[PDB]
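I have placed the structure first, in the form of structure tokens, so that the comments after it can refer back to it.
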Amino acid sequence: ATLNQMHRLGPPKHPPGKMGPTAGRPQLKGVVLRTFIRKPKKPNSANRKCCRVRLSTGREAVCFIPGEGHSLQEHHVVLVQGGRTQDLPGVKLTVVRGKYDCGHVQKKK
Amino acid sequence: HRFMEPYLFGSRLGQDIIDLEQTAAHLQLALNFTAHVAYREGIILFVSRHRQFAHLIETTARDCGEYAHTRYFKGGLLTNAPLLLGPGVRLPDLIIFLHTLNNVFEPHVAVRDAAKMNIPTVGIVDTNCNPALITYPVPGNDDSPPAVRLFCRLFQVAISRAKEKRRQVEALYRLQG
Amino acid sequence: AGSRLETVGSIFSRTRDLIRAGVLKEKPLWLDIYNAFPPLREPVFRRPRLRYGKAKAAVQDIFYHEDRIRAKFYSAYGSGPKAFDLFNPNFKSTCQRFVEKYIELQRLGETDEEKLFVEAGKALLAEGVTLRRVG
Amino acid sequence: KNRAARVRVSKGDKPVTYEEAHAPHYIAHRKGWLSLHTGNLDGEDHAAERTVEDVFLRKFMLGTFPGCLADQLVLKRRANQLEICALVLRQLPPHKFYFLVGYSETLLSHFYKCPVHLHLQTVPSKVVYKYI
Amino acid sequence: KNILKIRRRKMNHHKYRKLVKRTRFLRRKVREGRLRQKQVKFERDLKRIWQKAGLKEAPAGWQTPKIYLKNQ
RNA sequence: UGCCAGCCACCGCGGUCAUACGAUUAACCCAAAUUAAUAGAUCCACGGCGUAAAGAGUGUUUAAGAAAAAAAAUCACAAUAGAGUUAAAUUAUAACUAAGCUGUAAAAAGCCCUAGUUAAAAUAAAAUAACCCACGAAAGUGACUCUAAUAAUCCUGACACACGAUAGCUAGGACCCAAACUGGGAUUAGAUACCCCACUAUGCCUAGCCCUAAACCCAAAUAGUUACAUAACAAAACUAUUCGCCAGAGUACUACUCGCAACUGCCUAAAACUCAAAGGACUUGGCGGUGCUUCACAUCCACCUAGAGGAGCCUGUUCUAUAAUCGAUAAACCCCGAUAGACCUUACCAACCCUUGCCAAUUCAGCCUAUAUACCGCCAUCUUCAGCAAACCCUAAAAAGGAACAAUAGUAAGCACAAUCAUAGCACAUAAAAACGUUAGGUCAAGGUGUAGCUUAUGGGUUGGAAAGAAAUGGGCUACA
Ligand SMILES: [Mg+2]
Ligand SMILES: [Mg+2]
Ligand SMILES: [Mg+2]
Ligand SMILES: [Mg+2]
Ligand SMILES: [Mg+2]
Ligand SMILES: [Mg+2]
Ligand SMILES: [Mg+2]
Ligand SMILES: [Mg+2]
Ligand SMILES: [Mg+2]
Ligand SMILES: [Mg+2]
Ligand SMILES: [Mg+2]
Ligand SMILES: [Mg+2]
Ligand SMILES: [Mg+2]
Ligand SMILES: [Mg+2]
Ligand SMILES: [Mg+2]
Ligand SMILES: [Mg+2]
Ligand SMILES: [Mg+2]
Ligand SMILES: [Mg+2]
Ligand SMILES: [Mg+2]
Ligand SMILES: [Mg+2]
Ligand SMILES: [Mg+2]
Ligand SMILES: [Mg+2]
Ligand SMILES: [Mg+2]
Ligand SMILES: [Mg+2]
Ligand SMILES: [Mg+2]
Ligand SMILES: [Mg+2]
Ligand SMILES: [Mg+2]
Ligand SMILES: [Mg+2]
Ligand SMILES: [Mg+2]
Ligand SMILES: [Mg+2]
Ligand SMILES: [Mg+2]
Ligand SMILES: [Mg+2]
Ligand SMILES: [Mg+2]
Ligand SMILES: [Mg+2]
Ligand SMILES: [Mg+2]
Ligand SMILES: [Mg+2]
Ligand SMILES: [Mg+2]
Ligand SMILES: [Mg+2]
Ligand SMILES: [Mg+2]
Ligand SMILES: [Mg+2]
Ligand SMILES: [Mg+2]
Ligand SMILES: [Mg+2]
Ligand SMILES: [Mg+2]
Ligand SMILES: [Mg+2]
Ligand SMILES: [Mg+2]
Ligand SMILES: [Mg+2]
Ligand SMILES: [Mg+2]
Ligand SMILES: [Mg+2]
Ligand SMILES: [Mg+2]
Ligand SMILES: [Mg+2]
Ligand SMILES: [Mg+2]
Ligand SMILES: [Mg+2]
Ligand SMILES: [Mg+2]
Ligand SMILES: [Mg+2]
Ligand SMILES: [Mg+2]
Ligand SMILES: [Mg+2]
Ligand SMILES: [Mg+2]
Ligand SMILES: [Mg+2]
Ligand SMILES: [Mg+2]
Ligand SMILES: [Mg+2]
Ligand SMILES: [Mg+2]
Ligand SMILES: [Mg+2]
Ligand SMILES: [Mg+2]
Ligand SMILES: [Mg+2]
Ligand SMILES: [Mg+2]
Ligand SMILES: [Mg+2]
Ligand SMILES: [Mg+2]
Ligand SMILES: [Mg+2]
Ligand SMILES: [Mg+2]
Ligand SMILES: [Mg+2]
Ligand SMILES: [Mg+2]
Ligand SMILES: [Mg+2]
Ligand SMILES: [Mg+2]
Ligand SMILES: [Mg+2]
Ligand SMILES: [Mg+2]
Ligand SMILES: [Mg+2]
Ligand SMILES: [Mg+2]
Ligand SMILES: [Mg+2]
């Protein structure tokens with residue numbers, strides 16, 4: 001605006017980033033509650049294998065399992081990361097495949 | 001028009017008056033130009049839309065061995081020449097307006113177009129007309145028949161003299177050889 | 001080809017410069033003639049802008065003191081009984097005579113309008129012109 | 001919209017034979033008949049045979065003379081002999097042309113059990129009636 | 001056009017008024033409920049001062065009027 | 001594999017032929033590292049505020065600032081606040097007179113203590129003048145008169161101060177007429193609405209609150225300039241001094257706070273979450289129970305004739321029934337492919353049978369099997385509609401547009417229409433023709449094909465068998481004399 005205004009208001013500061021689902025950490029350890037299924041948003045349709053998990057942050061969170069096929073039993077321990085899934089509403093947490101109770105999605109050779 | 005403000009002399013009771021000194025200075029240069037083109041054996045195209053004078057301007061031009069276009073002006077005429085006129089064609093070397101307007105009081109296309117084509121243009125601006133695209137203007141009255149006639153016969157004569165002088169210098173060229 | 005841009009600059013500019021870039025391989029006629037005798041102003045394109053605000057024109061209206069007299073003449077008699085001709089370059093009207101008489105009675109050193117006007121009227125009466133005398 | 005034996009308007013660049021440019025309703029008005037024989041007149045017999053026969057000679061000439069055929073093939077039947085005229089494009093070296101002349105005449109004559117006469121009129125390029 | 005912004009507002013307002021009608025008395029509670037907190041916090045605010053300024057009692061002639069609950 | 005399994009950082013990919021999935025095959029690029037994740041560095045606005053997010057409802061002053069010269073002239077008269085007054089109309093209420101009066105597209109209800117006329121206070125509201133453009137800071141102000149009266153030797157300025165349309169609230173008056181609500185009456189599937197009829201809060205005054213508007217001329221104040229200059233549209237573009245305001249869209253004139261004579265209020269005004277948009281202006285279409293003109297010539301209306309819907313029968317669909325075809329199925333199906341099924345046709349069902357099984361040769365034949373949303377063929381349809389389209393040319397930019405004949409940027413061969421042909425001479429009439437596209441319109445059962453499937457069978461033969469009517473309906477025929 002004017003100079004006195006730009007003086008009184010200071011220069012603009014770049015606002016600190018809002019921490020996401022992982023609350024700033026790269027990954028999270030988690031424990032399974034109930035394996036289940038969700039339906040995608042409109043233009044595309046499927047059914048995605050989801051879990052409900054608890055995080056070492058003591059928060060419960062809905063997360064996504066990548067790949068075709070898996071074994072996920074209650075009380076299994078998992079690792080999770082912050083990939084958001086573009087199909088579904090509100091699932092912000094992927095499960096890392098290959099660690100703990102989820103082994104690398106199997107090969108059919 | 002707003003671009004006549006310099007060429008004007010002043011308002012006499014609401015009617016505007018051109019500066020005749022400037023008229024002569026300009027017209028001299030215009031006629032000189034016209035001539036030097038004629039001598040160099042090139043096309044000259046008179047143009048007017050103005051009805052009163054149509055006949056004059058053709059009757060003038062036909063007698064100069066110069067061409068007139070006094071008529072409706074088809075659109076792509078100079079711009080798209082080879083399609084309109086013929087498979088390949090020569091274009092006017094100089095275009096000369098005895099009025100700068102069309103009967104709807106806009107600038108004649110030929111102005112925009114000549115100017116578009118790198119053709120020089122010699123024309124009579126009037127107090128309402130826009131001079132700025134015309135190569136050599138002559139500020140002056142386009143409307144009164146004494147004026148049209150005058151300008152006609154003058155461009156006529158400049159042409160004729162250029163042509164004669166051409167012939168002569170050609171004969172001298174032929175004796176020198 | 002060439003350059004068809006009507007706004008960019010004068011035809012002289014474009015042509016000279018396109019030859020300068022050796023695109024146009026043939027010097028055109030009017031070009032050389034032009035170089036020889038250029039016109040007053042380059043034929044450059046200008047938007048015809050409207051005038052806003054306080055801007056007026058530069059034209060000077062046209063008036064003579066002769067006119068300040070003629071005003072009074074037409075104020076009395078009207079347009080001359082001899083009518084007018086715009087074909088005849090030397091035509092003098094009733095008005096013009098009046099102006100001349102008034103100029104000579106001004107060189108006779110009379111500052112009063114009544115005297116100047118009326119006596120000039122007497123000069124034209126002596127010249128046999130009919131002064132209608134309208135109120 | 002009648003699609004019968006017609007050639008559609010292109011972007012305007014498509015070359016067209018005089019025949020293929022004249023639509024079915026035009027037969028006997030501008031266009032002529034590609035074949036001639038007695039069989040369809042009022043009191044006449046065996047029209048069918050000359051039709052099968054004709055068809056087979058269309059296919060036969062298209063197949064014996066590859067890529068060199070110009071316009072559709074003109075059959076005439078006169079007093080038991082066939083007169084087969086063809087517009088043929090010049091592709092082949094002339095030897096091959098006469099090889100196939102003899103070949104055709106003989107073969108057909110012995111097939112239809114009637115004497116065949118063959119005529120090739122050679123043309124530099126397909127005649128263009130329209131567009132191009 | 002810009003009506004399409006106004007439509008939203010129009011709706012959101014209408015849908016709000018309707019709400020505040022059904023919910024009226026629930027609302028009325030929670031308003032007064034907080035006014036009784038206000039007046040109390042206010043009180044404590046001043047109480048804090050006696051106790052901070054060393055006085056035992058509230059100073060002479062202090063009834064500490066109720067501003068927030070003012071009615072009629 | 002077939003909107004499934006799955007993938008994507010953004011746009012997105014998977015619905016039978018996926019370079020987006022999973023796996024191969026080639027490549028690409030990094031490389032003792034490579035990807036993924038999460039944090040940073042970097043990243044707004046010395047840009048804006050008519051239509052896009054943003055000039056506060058209004059003025060004055062404080063704080064704080066900015067400063068050459070000129071900068072108080074008058075209402076063309078409707079600021080405000082008082083006090084007084086009334087011309088038109090309307091209403092009480094009488095006098096006559098007639099039975100109706102009111103009310104709509106049409107009615108009904110309603111009222112006849114109604115209606116017309118003649119009289120006539122209060123209350124309320126102020127034709128024409130106004131085609132004027134004044135006065136106020138804004139809200140606002142236009143019947144009449146008188147009183148009081150319109151800040152500042154004139155720059156900007158708030159959360160401070162004083163005002164602020166309607167509606168609303170409190171108390172008291174007023175009440176002609178209007179009128180939310182409500183009750184009747186119609187309309188309607190419904191009609192809590194639009195139309196009708198009553199009647200109320202309320203508009204009115206006096207005093208006190210409330211403080212909101214599309215409070216918008218969506219355009220801040222004060223000095224300037226018309227130079228430079230067209231995003232678009234609208235009211236043409238900009239300096240200089242200031243203050244106020246704007247950092248995606250919702251969420252949200254919202255939740256919590258603070259303050260207020262408000263206590264379904266006003267003001268100030270977030271986040272979680274969700275999305276990859278949300279917005280402004282424009283461009284061609286299409287559409288319009290918008291407006292205007294001009295038509296319809298078997299054609300909408302008005303008109304004329306002869307029929308369909310009823311009856312019997314013929315024949316086609318649709319349903320039920322059958323072991324027992326397929327296709328068409330708004331206009332553009334329904335005596336339709338059929339100018340045609342007793343066997344045949346024949347594709348169907350039932351049983352039996354035959355496996356280089358038509359041909360010159362072929363790990364080859366043969367398939368009325370799935371794709372008409374892969375197609376060519378032939379057509380329907382707008383359509384007796386006038387447009388389609390290359391090659392160019394123009395437009396202070398072009399998505400696109402491109403005419404005016406006392407002509408203003410259009411030229412253009414082509415295909416359409418038109419013209420000619422046919423109906424044995426004319427003419428008209430009919431026939432024919434009728435592009436580009438549209439309907440993923442029709443048809444893999446005329447034939448042919450792309451992709452898929454079948455191969456001792458989805459192939460090829462022999463023998464029989466089908467096409468019954470509870471009905472429902474389309475078109476015909478014959479009648480009713
Ligand atoms: Mg991911
Ligand atoms: Mg047809
Ligand atoms: Mg909403
Ligand atoms: Mg609360
Ligand atoms: Mg499924
Ligand atoms: Mg595949
Ligand atoms: Mg990719
Ligand atoms: Mg892949
Ligand atoms: Mg490393
Ligand atoms: Mg930057
Ligand atoms: Mg702007
Ligand atoms: Mg806005
Ligand atoms: Mg915002
Ligand atoms: Mg404002
Ligand atoms: Mg303010
Ligand atoms: Mg507001
Ligand atoms: Mg000070
Ligand atoms: Mg200053
Ligand atoms: Mg009062
Ligand atoms: Mg009265
Ligand atoms: Mg009365
Ligand atoms: Mg009355
Ligand atoms: Mg009515
Ligand atoms: Mg009644
Ligand atoms: Mg009025
Ligand atoms: Mg006004
Ligand atoms: Mg003042
Ligand atoms: Mg001030
Ligand atoms: Mg108010
Ligand atoms: Mg009120
Ligand atoms: Mg009342
Ligand atoms: Mg009363
Ligand atoms: Mg009433
Ligand atoms: Mg009701
Ligand atoms: Mg209805
Ligand atoms: Mg209505
Ligand atoms: Mg009442
Ligand atoms: Mg009022
Ligand atoms: Mg207003
Ligand atoms: Mg407005
Ligand atoms: Mg505003
Ligand atoms: Mg301000
Ligand atoms: Mg001021
Ligand atoms: Mg300036
Ligand atoms: Mg534009
Ligand atoms: Mg936001
Ligand atoms: Mg509000
Ligand atoms: Mg609120
Ligand atoms: Mg506050
Ligand atoms: Mg009819
Ligand atoms: Mg019709
Ligand atoms: Mg009947
Ligand atoms: Mg019947
Ligand atoms: Mg059937
Ligand atoms: Mg059945
Ligand atoms: Mg079917
Ligand atoms: Mg079908
Ligand atoms: Mg159909
Ligand atoms: Mg029929
Ligand atoms: Mg049978
Ligand atoms: Mg079969
Ligand atoms: Mg199907
Ligand atoms: Mg189709
Ligand atoms: Mg097809
Ligand atoms: Mg046409
Ligand atoms: Mg075009
Ligand atoms: Mg004829
Ligand atoms: Mg005809
Ligand atoms: Mg026809
Ligand atoms: Mg025709
Ligand atoms: Mg279909
Ligand atoms: Mg259909
Ligand atoms: Mg087939
Ligand atoms: Mg095939
Ligand atoms: Mg069999
Ligand atoms: Mg059988
Ligand atoms: Mg029936
Ligand atoms: Mg009958």
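Following the order of the structure tokens, first chain is A, next is B, and so on, with residues numbered from 1 inside each chain and ligands from 1 in the order they appear.
Residues from chain E that have an atom within 6 Å of chain F, counting only C-alpha atoms (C1' of nucleotides), are residues 20, 21 and 24 of chain E.
The environment of residue 27 (chain C) within 12 Å, counting only C-alpha atoms (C1' of nucleotides) and disregarding residues fewer than 4 places along the same chain, consists of residues 118 of chain B; 12, 15, 16, 17, 18, 19, 20, 22, 23, 31, 32, 33, 34 and 35 of chain C.
Inspection of the environment of ligand 7, which uses only C-alpha atoms (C1' of nucleotides) and all ligand atoms and a cut-off of 9 Å, identifies the neighbouring residues as residues 7, 8 and 20 of chain F.
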Could you please tell me, as an NGL selection string, which residues of chain F have an atom within 10 Å of chain A when using only C-alpha atoms (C1' of nucleotides)? :F and (3-9 or 13-14 or 22-23 or 36-39 or 43-48 or 65 or 242-243 or 245 or 247 or 273-275)
Go through chain E and collect every residue that DSSP, computed from the backbone, puts in helix (DSSP H, G or I); the answer should be as a VMD selection string. chain E and resid 3 to 22 24 to 53
Quick one: write out the picked residues with C-alpha atoms as a PDB file, in the first residue's frame?
ATOM      1  CA  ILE E   3     -25.974 -14.027  -7.574  1.00  0.00           C
ATOM      2  CA  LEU E   4     -24.459 -17.453  -7.232  1.00  0.00           C
ATOM      3  CA  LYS E   5     -22.408 -16.179  -4.308  1.00  0.00           C
ATOM      4  CA  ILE E   6     -25.435 -14.477  -2.777  1.00  0.00           C
ATOM      5  CA  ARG E   7     -27.481 -17.640  -3.145  1.00  0.00           C
ATOM      6  CA  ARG E   8     -25.043 -19.400  -0.850  1.00  0.00           C
ATOM      7  CA  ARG E   9     -25.252 -16.589   1.713  1.00  0.00           C
ATOM      8  CA  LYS E  10     -29.003 -16.412   1.399  1.00  0.00           C
ATOM      9  CA  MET E  11     -29.255 -20.112   2.093  1.00  0.00           C
ATOM     10  CA  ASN E  12     -26.710 -20.175   4.885  1.00  0.00           C
ATOM     11  CA  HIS E  13     -28.608 -17.383   6.583  1.00  0.00           C
ATOM     12  CA  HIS E  14     -31.963 -18.908   6.223  1.00  0.00           C
ATOM     13  CA  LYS E  15     -30.711 -22.293   7.390  1.00  0.00           C
ATOM     14  CA  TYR E  16     -29.231 -20.493  10.419  1.00  0.00           C
ATOM     15  CA  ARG E  17     -32.348 -18.597  11.422  1.00  0.00           C
ATOM     16  CA  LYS E  18     -34.390 -21.744  11.250  1.00  0.00           C
ATOM     17  CA  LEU E  19     -31.792 -23.351  13.530  1.00  0.00           C
ATOM     18  CA  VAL E  20     -31.793 -20.544  16.062  1.00  0.00           C
ATOM     19  CA  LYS E  21     -35.551 -20.882  16.304  1.00  0.00           C
ATOM     20  CA  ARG E  22     -35.572 -24.587  17.214  1.00  0.00           C
ATOM     21  CA  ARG E  24     -33.734 -21.032  21.068  1.00  0.00           C
ATOM     22  CA  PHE E  25     -34.016 -22.096  24.649  1.00  0.00           C
ATOM     23  CA  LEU E  26     -31.013 -24.340  24.610  1.00  0.00           C
ATOM     24  CA  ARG E  27     -29.192 -21.169  23.446  1.00  0.00           C
ATOM     25  CA  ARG E  28     -30.799 -19.073  26.147  1.00  0.00           C
ATOM     26  CA  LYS E  29     -29.395 -21.367  28.799  1.00  0.00           C
ATOM     27  CA  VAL E  30     -25.872 -21.360  27.606  1.00  0.00           C
ATOM     28  CA  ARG E  31     -25.850 -17.564  27.271  1.00  0.00           C
ATOM     29  CA  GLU E  32     -26.936 -16.939  30.857  1.00  0.00           C
ATOM     30  CA  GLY E  33     -24.711 -19.811  31.920  1.00  0.00           C
ATOM     31  CA  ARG E  34     -21.678 -17.912  30.664  1.00  0.00           C
ATOM     32  CA  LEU E  35     -22.906 -14.601  32.130  1.00  0.00           C
ATOM     33  CA  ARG E  36     -22.783 -16.321  35.516  1.00  0.00           C
ATOM     34  CA  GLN E  37     -19.255 -17.330  34.756  1.00  0.00           C
ATOM     35  CA  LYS E  38     -18.375 -13.803  33.585  1.00  0.00           C
ATOM     36  CA  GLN E  39     -19.690 -12.110  36.725  1.00  0.00           C
ATOM     37  CA  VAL E  40     -17.837 -14.699  38.756  1.00  0.00           C
ATOM     38  CA  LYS E  41     -14.500 -14.345  36.950  1.00  0.00           C
ATOM     39  CA  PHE E  42     -14.981 -10.610  37.261  1.00  0.00           C
ATOM     40  CA  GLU E  43     -15.446 -11.018  40.984  1.00  0.00           C
ATOM     41  CA  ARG E  44     -12.367 -13.191  41.329  1.00  0.00           C
ATOM     42  CA  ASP E  45     -10.463 -10.572  39.344  1.00  0.00           C
ATOM     43  CA  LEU E  46     -11.063  -8.081  42.104  1.00  0.00           C
ATOM     44  CA  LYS E  47     -10.753 -10.580  44.959  1.00  0.00           C
ATOM     45  CA  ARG E  48      -7.300 -11.316  43.632  1.00  0.00           C
ATOM     46  CA  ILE E  49      -6.438  -7.686  44.210  1.00  0.00           C
ATOM     47  CA  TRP E  50      -7.316  -7.505  47.944  1.00  0.00           C
ATOM     48  CA  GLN E  51      -5.353 -10.636  48.516  1.00  0.00           C
ATOM     49  CA  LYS E  52      -2.541  -9.286  46.352  1.00  0.00           C
ATOM     50  CA  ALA E  53      -2.548  -5.839  47.976  1.00  0.00           C
TER      51      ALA E  53
END
Separation of CA of residue 97 (chain B) from CA of residue 164 (chain B), in Å and rounded to one decimal: 23.7 Å
Within 12 Å of ligand 23, counting only C-alpha atoms (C1' of nucleotides) and all ligand atoms: which residues, as a VMD selection string? chain F and resid 103 to 107 195 to 196
Could you list, as a VMD selection string, all residues that come within 9 Å of ligand 13? Count only C-alpha atoms (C1' of nucleotides) and all ligand atoms. chain F and resid 53 246 to 249
Contact residues around residue 21 (chain A) with only C-alpha atoms (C1' of nucleotides) at 9 Å, ignoring same-chain residues under 4 positions, as a count of residues only: 4
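As for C1' of residue 382 (chain F) and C1' of residue 439 (chain F), they are spaced 9.2 Å apart.
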Return as a PDB file with N, CA, C and O atoms (P, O5', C5', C4', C3', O3' and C1' of nucleotides), in the first residue's frame every polymer residue, whether protein, DNA or RNA, with at least one atom no more than 9 Å from an atom of ligand 67; count only C-alpha atoms (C1' of nucleotides) and all ligand atoms.
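Below is the file selection.pdb, written as the result:
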ATOM      1  P     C F 421     -34.720 -30.087 -71.049  1.00  0.00           P
ATOM      2  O5'   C F 421     -34.553 -31.420 -70.210  1.00  0.00           O
ATOM      3  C5'   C F 421     -34.863 -32.662 -70.803  1.00  0.00           C
ATOM      4  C4'   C F 421     -33.966 -33.747 -70.282  1.00  0.00           C
ATOM      5  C3'   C F 421     -34.670 -35.046 -69.938  1.00  0.00           C
ATOM      6  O3'   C F 421     -34.842 -35.863 -71.075  1.00  0.00           O
ATOM      7  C1'   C F 421     -33.294 -34.410 -68.134  1.00  0.00           C
ATOM      8  P     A F 422     -36.273 -35.963 -71.787  1.00  0.00           P
ATOM      9  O5'   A F 422     -37.023 -37.062 -70.919  1.00  0.00           O
ATOM     10  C5'   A F 422     -36.343 -38.242 -70.535  1.00  0.00           C
ATOM     11  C4'   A F 422     -37.133 -38.999 -69.520  1.00  0.00           C
ATOM     12  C3'   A F 422     -38.624 -38.975 -69.748  1.00  0.00           C
ATOM     13  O3'   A F 422     -39.000 -40.012 -70.625  1.00  0.00           O
ATOM     14  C1'   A F 422     -38.141 -38.462 -67.490  1.00  0.00           C
ATOM     15  P     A F 424     -46.185 -40.123 -71.456  1.00  0.00           P
ATOM     16  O5'   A F 424     -45.149 -40.533 -72.591  1.00  0.00           O
ATOM     17  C5'   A F 424     -45.320 -40.091 -73.932  1.00  0.00           C
ATOM     18  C4'   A F 424     -44.353 -38.989 -74.288  1.00  0.00           C
ATOM     19  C3'   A F 424     -44.821 -38.083 -75.431  1.00  0.00           C
ATOM     20  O3'   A F 424     -44.392 -36.738 -75.199  1.00  0.00           O
ATOM     21  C1'   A F 424     -42.757 -39.065 -76.002  1.00  0.00           C
ATOM     22  P     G F 425     -45.250 -35.505 -75.777  1.00  0.00           P
ATOM     23  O5'   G F 425     -44.434 -35.044 -77.071  1.00  0.00           O
ATOM     24  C5'   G F 425     -43.064 -34.663 -76.996  1.00  0.00           C
ATOM     25  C4'   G F 425     -42.844 -33.286 -77.577  1.00  0.00           C
ATOM     26  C3'   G F 425     -43.006 -32.127 -76.594  1.00  0.00           C
ATOM     27  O3'   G F 425     -41.790 -31.832 -75.913  1.00  0.00           O
ATOM     28  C1'   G F 425     -44.350 -31.738 -78.517  1.00  0.00           C
TER      29        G F 425
END
Contact residues around region 65-67 of chain C with only C-alpha atoms (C1' of nucleotides) at 10 Å, ignoring same-chain residues under 3 positions, as JSON, numbers by chain: {"C": [62, 70, 71, 72, 73, 95, 96, 98, 99, 100, 102, 103]}
Residues as selected, N, CA and C atoms, written as a PDB file, in the first residue's frame, can you do that?
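Dumped to selection.pdb:
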ATOM      1  N   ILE C  62     -10.895  33.848 -35.936  1.00  0.00           N
ATOM      2  CA  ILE C  62     -10.489  34.884 -36.868  1.00  0.00           C
ATOM      3  C   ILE C  62     -11.384  36.128 -36.846  1.00  0.00           C
ATOM      4  N   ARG C  70     -18.590  46.230 -38.845  1.00  0.00           N
ATOM      5  CA  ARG C  70     -19.608  45.532 -39.638  1.00  0.00           C
ATOM      6  C   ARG C  70     -20.772  45.104 -38.766  1.00  0.00           C
ATOM      7  N   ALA C  71     -20.452  44.710 -37.538  1.00  0.00           N
ATOM      8  CA  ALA C  71     -21.451  44.350 -36.545  1.00  0.00           C
ATOM      9  C   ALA C  71     -22.487  45.447 -36.430  1.00  0.00           C
ATOM     10  N   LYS C  72     -22.003  46.680 -36.348  1.00  0.00           N
ATOM     11  CA  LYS C  72     -22.873  47.826 -36.172  1.00  0.00           C
ATOM     12  C   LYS C  72     -23.587  48.142 -37.464  1.00  0.00           C
ATOM     13  N   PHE C  73     -22.910  47.910 -38.581  1.00  0.00           N
ATOM     14  CA  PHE C  73     -23.565  48.127 -39.860  1.00  0.00           C
ATOM     15  C   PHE C  73     -24.787  47.222 -40.032  1.00  0.00           C
ATOM     16  N   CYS C  95     -21.415  47.065 -47.137  1.00  0.00           N
ATOM     17  CA  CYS C  95     -20.685  46.928 -45.898  1.00  0.00           C
ATOM     18  C   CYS C  95     -19.246  47.404 -46.030  1.00  0.00           C
ATOM     19  N   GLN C  96     -18.544  46.908 -47.040  1.00  0.00           N
ATOM     20  CA  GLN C  96     -17.128  47.217 -47.160  1.00  0.00           C
ATOM     21  C   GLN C  96     -16.893  48.714 -47.368  1.00  0.00           C
ATOM     22  N   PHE C  98     -18.836  51.100 -46.350  1.00  0.00           N
ATOM     23  CA  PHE C  98     -19.072  51.673 -45.033  1.00  0.00           C
ATOM     24  C   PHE C  98     -17.824  51.582 -44.170  1.00  0.00           C
ATOM     25  N   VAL C  99     -17.182  50.420 -44.192  1.00  0.00           N
ATOM     26  CA  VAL C  99     -15.977  50.226 -43.397  1.00  0.00           C
ATOM     27  C   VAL C  99     -14.882  51.197 -43.827  1.00  0.00           C
ATOM     28  N   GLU C 100     -14.739  51.400 -45.134  1.00  0.00           N
ATOM     29  CA  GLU C 100     -13.712  52.303 -45.651  1.00  0.00           C
ATOM     30  C   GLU C 100     -13.952  53.756 -45.239  1.00  0.00           C
ATOM     31  N   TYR C 102     -15.643  54.749 -42.758  1.00  0.00           N
ATOM     32  CA  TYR C 102     -15.425  54.805 -41.313  1.00  0.00           C
ATOM     33  C   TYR C 102     -13.931  54.837 -40.961  1.00  0.00           C
ATOM     34  N   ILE C 103     -13.115  54.130 -41.733  1.00  0.00           N
ATOM     35  CA  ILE C 103     -11.672  54.159 -41.532  1.00  0.00           C
ATOM     36  C   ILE C 103     -11.101  55.547 -41.823  1.00  0.00           C
TER      37      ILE C 103
END
List the neighbours of residue 128 (chain D) out to 10 Å using only C-alpha atoms (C1' of nucleotides); skip same-chain residues closer than 5 positions along the sequence, and give me the result as a PyMOL selection string. chain D and resi 14-18+21
Just the selected residues (N, CA, C and O atoms), exported as a short mmCIF file (atom, residue, chain, number, x, y, z; two decimals), in the first residue's frame, please.
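Saved to part-v2.cif:
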data_model
loop_
_atom_site.label_atom_id
_atom_site.label_comp_id
_atom_site.auth_asym_id
_atom_site.auth_seq_id
_atom_site.Cartn_x
_atom_site.Cartn_y
_atom_site.Cartn_z
N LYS D 14 -9.91 -35.04 -54.49
CA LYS D 14 -10.01 -36.42 -54.94
C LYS D 14 -10.30 -36.58 -56.44
O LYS D 14 -11.33 -36.13 -56.92
N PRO D 15 -9.41 -37.26 -57.16
CA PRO D 15 -9.54 -37.50 -58.60
C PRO D 15 -10.72 -38.41 -58.92
O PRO D 15 -10.88 -39.43 -58.25
N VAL D 16 -11.53 -38.05 -59.91
CA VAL D 16 -12.69 -38.89 -60.23
C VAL D 16 -12.92 -39.15 -61.72
O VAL D 16 -13.08 -38.21 -62.51
N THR D 17 -12.94 -40.43 -62.08
CA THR D 17 -13.36 -40.93 -63.39
C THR D 17 -14.75 -40.43 -63.79
O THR D 17 -15.64 -40.37 -62.94
N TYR D 18 -14.97 -40.10 -65.06
CA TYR D 18 -16.28 -39.63 -65.54
C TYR D 18 -17.44 -40.51 -65.12
O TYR D 18 -18.55 -40.03 -64.87
N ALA D 21 -18.23 -40.33 -61.32
CA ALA D 21 -18.74 -39.02 -60.93
C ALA D 21 -20.18 -38.84 -61.35
O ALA D 21 -20.77 -37.79 -61.12
#
